[PDB]
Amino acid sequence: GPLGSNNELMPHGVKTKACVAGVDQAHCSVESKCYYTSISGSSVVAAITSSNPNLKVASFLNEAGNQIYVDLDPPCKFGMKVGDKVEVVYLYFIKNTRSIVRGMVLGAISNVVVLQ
């Protein structure tokens, strides 16, 4: 099909909302921005961004409105357009995110990435 080999499930859109993150799960006190797409009518959180390079865990509500915690891969860094300013932003994908979903986040921010 459209996505190829073992196919299958196509993700829709990239959205943004606040969340919290920390250097461990007991300390998610750093407000951050998370990226999520929709797969089979359900939200899937893919990545978070932050000025902080030391984050290890993110937290947010799930579909059922419950508070959950997810592990983070080590961060990529980018220079991103923020107004007339350029800032260093750390981008953390969530542990075990699908490759196509990782790409979707990268695609969504490419317009705004000016250093890498």
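Just count from 1 along the sequence shown to find any residue number.
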Comparing 60-68 with 27-35, which has the greater mean CA B-factor as deposited? 60-68
Of 78-86 and 46-54, which one has the bigger average CA B-factor? 78-86
Sorting the chain's modelled residues by C-alpha B-factor, tell me whether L106 ends up in the lowest, middle or highest third. middle
Entry-reported Cα temperature factor of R98, expressed as the chain third it lands in: lowest
Relative to the other modelled residues in the chain, which third contains the C-alpha temperature factor of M10: lowest, middle or highest? highest
Going by the entry, which third of its chain does the Cα temperature factor of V114 land in? middle
